[PDB]
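The structure under discussion appears below in the form of structure tokens.
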Amino acid sequence: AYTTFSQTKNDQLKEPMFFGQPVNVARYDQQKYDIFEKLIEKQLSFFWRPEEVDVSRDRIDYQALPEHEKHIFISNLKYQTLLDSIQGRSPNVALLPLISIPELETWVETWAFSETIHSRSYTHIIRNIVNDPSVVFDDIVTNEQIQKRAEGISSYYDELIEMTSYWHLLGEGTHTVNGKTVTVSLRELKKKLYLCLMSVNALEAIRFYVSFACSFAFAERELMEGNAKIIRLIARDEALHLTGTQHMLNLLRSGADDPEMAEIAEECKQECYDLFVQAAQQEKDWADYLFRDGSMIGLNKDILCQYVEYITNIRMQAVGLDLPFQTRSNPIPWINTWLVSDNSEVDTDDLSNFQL
Amino acid sequence: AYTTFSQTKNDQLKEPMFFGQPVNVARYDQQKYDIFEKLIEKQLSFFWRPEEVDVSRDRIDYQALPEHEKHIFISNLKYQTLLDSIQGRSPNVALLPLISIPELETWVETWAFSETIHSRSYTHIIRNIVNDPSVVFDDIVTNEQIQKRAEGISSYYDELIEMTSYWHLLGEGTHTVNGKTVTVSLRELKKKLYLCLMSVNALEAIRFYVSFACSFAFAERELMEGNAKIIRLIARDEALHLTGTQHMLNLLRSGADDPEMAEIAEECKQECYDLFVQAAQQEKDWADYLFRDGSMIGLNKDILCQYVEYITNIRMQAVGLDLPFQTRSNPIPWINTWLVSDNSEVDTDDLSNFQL
Amino acid sequence: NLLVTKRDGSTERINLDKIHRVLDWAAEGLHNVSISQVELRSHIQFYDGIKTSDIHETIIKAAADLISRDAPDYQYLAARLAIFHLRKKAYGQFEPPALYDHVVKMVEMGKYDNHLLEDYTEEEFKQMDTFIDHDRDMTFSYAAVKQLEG
Ligand SMILES: Nc1ncnc2c1ncn2[C@@H]1O[C@H](COP(=O)(O)OP(=O)(O)OP(=O)(O)O)[C@@H](O)[C@H]1O
């Protein structure tokens, strides 16, 4: 049963990352994992409002940029728009009910809130560079490239929604309704999490970071400034996100917190590896959709693809998964600019002695 | 079924406040109810970090303030601590799954986030004025006055959690598990909301605003400055909250959005009225717990009680409910300071004619 | 549409791709060398009727500017981009003409001394053509290359 306040006085210090008596009180006097606490502070200090950076000069830019290019930028923006639109709610219904410790809780709501800003920003951009917002929005919902990954990751959430729901609404083993038997197994839920979160490490680590090299591409071309300025901040606030997605994964796999999960990490090792490597491919294709009409003075299908390998190759070396994509040197180094801390004695004495 | 992204292209413009296809995309190009959108902006601009205002001078204050007084302030702070601690998560699991329009959605997450700050602040205060945080925290969870209302309002949330859950996990009419038949009725859920939210208008309108006159009481005494400074900001960000709780109630009762609810407003008119007037009393008692040992140079049980009547009397005149508490003039006007915009010709010509 | 002026003289539409492939030919068998880097480095400014030679020229200097200690290969990268231009700017085509044929052609142009056509018969020339390894041009480090161009 889920309680917005748990009655019991339970020492948070020991409550596992997830699956623990729902946090009774919002305190901050201490933590079990200092990480989360810090992620909140650094994020809070990173606060910013999309309306701050000016978008005027950007308007004329889109009007000028070639067709094969105009497509590249309006298309990749639609992709980002969706990612956070969902991510915004997602962390809040999917994880909250499972949150068991205070530090982690506050972070979640903050993590989610941070996304709402990115969502608002993308909107502030469209109105400036396009004539009609709707036409661009109604497409982000009904489009052939868009929907294809859209349902992919978004599924893991809807799953942990029903799964975790029956764990409270109902007990364990078998309950039958209308001739249908649905099993709730504690362990059957601890996996519906470890897998659903490894889907975020990727959407907030590789899926998004890849969608940035595209926006920052126009930046090195002196085009669509406003977007680059805003996008930069996005990546920064994002850094904190994937950073936590790992600390949440690593500690859940170590067992130092959740003993049971320690095993689930092995019987899912191959499972997670699949999603990572597999999902990564989805991106490589997206490039074709942009470089279909034509290449860009900054990069084309060829280049952008190499990136996914370079990033995913390391991105996974952190979580602990196996490395599949070939090793490489960042094809683009110019991108780093945007993820760094975004705004005469003479004597006969000594001579007399030498013997030439 | 709850979907973190709905597949369908559905014109938000028409989606009801709640019970509507889950918001597909986070857009802001438009809204059905401009109110929500504004509440977000004004709130975003109200952003602030509790660490900003200094708490040094406050430390010595608590050490000095008499015993019958020390109790008053540490006790009323525990009450606030809990209110938001829960409110923080509450809006997010209880309402989100029901959110049906974009503007409202973004507001919810923001509304919730805003509380997390208040939670963090209360902590920043305790460490300053007390020697040990835990001792004060572990009490906010296990205490006789605290728990008594704690479970009261916190219940409405846990209810809309299971209720709304079966509406997705399961259909309607009767489903029987383990010899038990539980009914899910659409209308049976539209009430589990209208009543659960009228519980917030009160916790964020009368329950909290009453807990402020206590903190601002020491302010007019040149005591516990830091707290007053922080508390002020709290009330401001709060103003936006109850303001929305009404717009959400009024439009849900009008039927201009949800035709069905229009009826539910009448078959719950008396129902809601009960909770309002009833809950209001809970506060009057709380005073005794503070003024038990002794009164305060600023106010005592007598005064503080009068307030609840003056505030609740009007607070309800907005939502549309009947007025029960006797009419009055604010017993305390000194409180307003904290809710306002917180930081020679001479002639014989004209004479000749007179006829004395 | 977009235009371009091939060194040949004729006109063409811009082919963003054809550039990339060129850089590739260079990045071939190299590391720490970003094909995308050189492009953005060069701030190549496009304008109608721009000669293909000039376009190619831009990247050469750009790649040469990215020759840092951390990027030792870039020295060879740009080198390959350079050798290309030269050979084509003197032969019309990427592959130089036979030892004999060339020696003679340049003779009557006042550039090579006929002194050779007399001390060596066609056979001996076509024979020496075997020793000649044009491919050795791809063993130059741009430092040296630039000097050769003068
Ligand atoms: N249509 C084009 N648009 C842009 N750049 C081009 C185009 N064609 C060739 N280039 C580039 O300019 C450079 C010059 O190529 P090259 O030395 O072979 O002479 P060319 O006159 O361009 O002949 P060709 O293009 O048929 O190979 C190459 O680096 C090539 O990438």
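Ordering of the structure tokens sets the chain letters (A, B, ...), residue numbers begin anew at 1 in every chain, and ligands are numbered from 1 in the order given.
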
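Neighbours of ligand 1 at a cut-off of 6 Å, computed so that only C-alpha atoms and all ligand atoms are counted, are the residues residues 4, 6, 7, 8, 12, 13, 14, 15, 16, 18, 19, 22, 52, 53, 55, 56 and 85 of chain C.
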
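Using only C-alpha atoms, the contacts of residue C:122 at a cut-off of 12 Å, with sequence neighbours closer than 4 positions omitted, comprise residues 98, 99, 100, 101, 102, 103, 104, 116, 117, 118, 126, 127, 128 and 129 of chain C.
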
- prompt: What does the distance from atom CA of residue C:65 to atom CA of residue C:134 come to in Å, to one decimal?
  reply: 26.5 Å

message: Could you work out which residues of chain B fall inside 6 Å of chain A? Count only C-alpha atoms, and format the result as an NGL selection string.
response: :B and (3 or 25-26 or 85 or 93 or 119 or 158)

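Comparing A:303, A:14, A:297, A:254 by their smallest distance to residue C:59, the closest is A:297 (using only C-alpha atoms).
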
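Rounded to one decimal, atom CA of residue C:82 and atom CA of residue A:222 lie 27.7 Å from each other.
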
message: Could you tell me which residues of chain C sit within 6 Å of chain A when counting only C-alpha atoms, and give me the result as number ranges by chain?
response: C: 16, 32, 34, 36, 40

Atom CA of residue A:244 to atom CA of residue A:193, straight-line distance in Å: 14.9 Å

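In this comparison, which uses only C-alpha atoms, the residue of B:192, B:70, B:241, B:292 approaching residue B:215 most closely is B:70.
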
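Proximity to residue B:16 was assessed for B:232, B:149, B:207, B:190 counting only C-alpha atoms; the smallest distance is recorded for B:190.
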
query: Any idea what's packed within 12 Å of residue C:27, counting only C-alpha atoms, ignoring anything in its chain fewer than 3 positions away? Could you give it as a PyMOL selection string?
result: (chain A and resi 331) or (chain C and resi 20-24+30-38+63+73-81)

- prompt: Using only C-alpha atoms, which residue out of B:38, B:236, B:284, B:191 lies closest to residue B:339?
  reply: B:236

- request: Report as an MDAnalysis selection string: the residues of stretch 149-186 of chain A with a DSSP assignment of alpha helix (DSSP H), based on the backbone of this structure.
  value: chainID A and resid 149:169 186

For the residues in the current selection, export N, CA, C and O atoms as a PDB file, in the first residue's frame.
ATOM      1  N   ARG A 149      10.804   5.564 -32.153  1.00  0.00           N
ATOM      2  CA  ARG A 149      11.437   5.487 -30.845  1.00  0.00           C
ATOM      3  C   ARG A 149      10.509   5.958 -29.731  1.00  0.00           C
ATOM      4  O   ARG A 149      10.588   5.475 -28.601  1.00  0.00           O
ATOM      5  N   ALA A 150       9.629   6.899 -30.058  1.00  0.00           N
ATOM      6  CA  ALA A 150       8.685   7.444 -29.088  1.00  0.00           C
ATOM      7  C   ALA A 150       8.078   6.357 -28.206  1.00  0.00           C
ATOM      8  O   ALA A 150       8.152   6.430 -26.980  1.00  0.00           O
ATOM      9  N   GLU A 151       7.480   5.350 -28.835  1.00  0.00           N
ATOM     10  CA  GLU A 151       6.853   4.253 -28.103  1.00  0.00           C
ATOM     11  C   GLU A 151       7.886   3.353 -27.434  1.00  0.00           C
ATOM     12  O   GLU A 151       7.630   2.784 -26.372  1.00  0.00           O
ATOM     13  N   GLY A 152       9.049   3.227 -28.065  1.00  0.00           N
ATOM     14  CA  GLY A 152      10.110   2.388 -27.538  1.00  0.00           C
ATOM     15  C   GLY A 152      10.406   2.551 -26.059  1.00  0.00           C
ATOM     16  O   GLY A 152      10.031   1.702 -25.250  1.00  0.00           O
ATOM     17  N   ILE A 153      11.082   3.638 -25.701  1.00  0.00           N
ATOM     18  CA  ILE A 153      11.437   3.892 -24.310  1.00  0.00           C
ATOM     19  C   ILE A 153      10.237   4.242 -23.437  1.00  0.00           C
ATOM     20  O   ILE A 153      10.176   3.851 -22.271  1.00  0.00           O
ATOM     21  N   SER A 154       9.284   4.978 -23.998  1.00  0.00           N
ATOM     22  CA  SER A 154       8.094   5.381 -23.255  1.00  0.00           C
ATOM     23  C   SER A 154       7.339   4.182 -22.689  1.00  0.00           C
ATOM     24  O   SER A 154       6.542   4.323 -21.763  1.00  0.00           O
ATOM     25  N   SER A 155       7.593   3.003 -23.249  1.00  0.00           N
ATOM     26  CA  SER A 155       6.927   1.785 -22.800  1.00  0.00           C
ATOM     27  C   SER A 155       7.380   1.363 -21.405  1.00  0.00           C
ATOM     28  O   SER A 155       6.555   1.063 -20.543  1.00  0.00           O
ATOM     29  N   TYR A 156       8.693   1.333 -21.193  1.00  0.00           N
ATOM     30  CA  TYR A 156       9.255   0.945 -19.903  1.00  0.00           C
ATOM     31  C   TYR A 156       8.576   1.649 -18.733  1.00  0.00           C
ATOM     32  O   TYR A 156       8.443   1.079 -17.650  1.00  0.00           O
ATOM     33  N   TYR A 157       8.153   2.888 -18.954  1.00  0.00           N
ATOM     34  CA  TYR A 157       7.485   3.656 -17.913  1.00  0.00           C
ATOM     35  C   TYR A 157       6.086   3.113 -17.646  1.00  0.00           C
ATOM     36  O   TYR A 157       5.756   2.752 -16.517  1.00  0.00           O
ATOM     37  N   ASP A 158       5.270   3.051 -18.695  1.00  0.00           N
ATOM     38  CA  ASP A 158       3.905   2.555 -18.582  1.00  0.00           C
ATOM     39  C   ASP A 158       3.867   1.190 -17.902  1.00  0.00           C
ATOM     40  O   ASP A 158       2.895   0.846 -17.231  1.00  0.00           O
ATOM     41  N   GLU A 159       4.933   0.418 -18.083  1.00  0.00           N
ATOM     42  CA  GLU A 159       5.026  -0.910 -17.491  1.00  0.00           C
ATOM     43  C   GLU A 159       5.197  -0.834 -15.979  1.00  0.00           C
ATOM     44  O   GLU A 159       4.430  -1.439 -15.228  1.00  0.00           O
ATOM     45  N   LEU A 160       6.203  -0.087 -15.536  1.00  0.00           N
ATOM     46  CA  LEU A 160       6.473   0.059 -14.110  1.00  0.00           C
ATOM     47  C   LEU A 160       5.325   0.787 -13.414  1.00  0.00           C
ATOM     48  O   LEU A 160       5.311   0.913 -12.190  1.00  0.00           O
ATOM     49  N   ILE A 161       4.370   1.267 -14.204  1.00  0.00           N
ATOM     50  CA  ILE A 161       3.211   1.971 -13.667  1.00  0.00           C
ATOM     51  C   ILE A 161       2.166   0.957 -13.212  1.00  0.00           C
ATOM     52  O   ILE A 161       1.628   1.056 -12.110  1.00  0.00           O
ATOM     53  N   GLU A 162       1.885  -0.018 -14.071  1.00  0.00           N
ATOM     54  CA  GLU A 162       0.913  -1.061 -13.762  1.00  0.00           C
ATOM     55  C   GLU A 162       1.543  -2.070 -12.805  1.00  0.00           C
ATOM     56  O   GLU A 162       0.971  -2.398 -11.765  1.00  0.00           O
ATOM     57  N   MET A 163       2.721  -2.557 -13.178  1.00  0.00           N
ATOM     58  CA  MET A 163       3.461  -3.529 -12.379  1.00  0.00           C
ATOM     59  C   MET A 163       3.525  -3.101 -10.917  1.00  0.00           C
ATOM     60  O   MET A 163       3.013  -3.787 -10.033  1.00  0.00           O
ATOM     61  N   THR A 164       4.158  -1.958 -10.674  1.00  0.00           N
ATOM     62  CA  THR A 164       4.304  -1.425  -9.323  1.00  0.00           C
ATOM     63  C   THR A 164       2.953  -1.157  -8.668  1.00  0.00           C
ATOM     64  O   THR A 164       2.822  -1.234  -7.446  1.00  0.00           O
ATOM     65  N   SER A 165       1.951  -0.847  -9.484  1.00  0.00           N
ATOM     66  CA  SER A 165       0.617  -0.559  -8.972  1.00  0.00           C
ATOM     67  C   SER A 165      -0.018  -1.786  -8.322  1.00  0.00           C
ATOM     68  O   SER A 165      -0.599  -1.690  -7.241  1.00  0.00           O
ATOM     69  N   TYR A 166       0.094  -2.937  -8.980  1.00  0.00           N
ATOM     70  CA  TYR A 166      -0.473  -4.170  -8.440  1.00  0.00           C
ATOM     71  C   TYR A 166       0.255  -4.620  -7.180  1.00  0.00           C
ATOM     72  O   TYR A 166      -0.284  -5.384  -6.381  1.00  0.00           O
ATOM     73  N   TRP A 167       1.484  -4.144  -7.005  1.00  0.00           N
ATOM     74  CA  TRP A 167       2.284  -4.502  -5.841  1.00  0.00           C
ATOM     75  C   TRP A 167       1.732  -3.853  -4.573  1.00  0.00           C
ATOM     76  O   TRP A 167       2.033  -4.285  -3.460  1.00  0.00           O
ATOM     77  N   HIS A 168       0.916  -2.819  -4.751  1.00  0.00           N
ATOM     78  CA  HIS A 168       0.313  -2.109  -3.627  1.00  0.00           C
ATOM     79  C   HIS A 168      -1.185  -2.384  -3.555  1.00  0.00           C
ATOM     80  O   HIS A 168      -1.721  -2.682  -2.487  1.00  0.00           O
ATOM     81  N   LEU A 169      -1.852  -2.280  -4.699  1.00  0.00           N
ATOM     82  CA  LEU A 169      -3.287  -2.515  -4.779  1.00  0.00           C
ATOM     83  C   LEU A 169      -3.624  -3.947  -4.382  1.00  0.00           C
ATOM     84  O   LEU A 169      -4.767  -4.253  -4.037  1.00  0.00           O
ATOM     85  N   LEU A 186       7.618  -9.804  -5.962  1.00  0.00           N
ATOM     86  CA  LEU A 186       8.537  -8.736  -5.580  1.00  0.00           C
ATOM     87  C   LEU A 186       9.694  -8.625  -6.567  1.00  0.00           C
ATOM     88  O   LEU A 186       9.939  -7.560  -7.133  1.00  0.00           O
TER      89      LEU A 186
END

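Shortest separation to residue B:78 among B:261, B:290, B:104, B:13 occurs at residue B:290, atoms counted being only C-alpha atoms.
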
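For the choices A:144, A:247, A:319, A:288, the atom-to-atom distance to residue A:71 is smallest for A:288 when using only C-alpha atoms.
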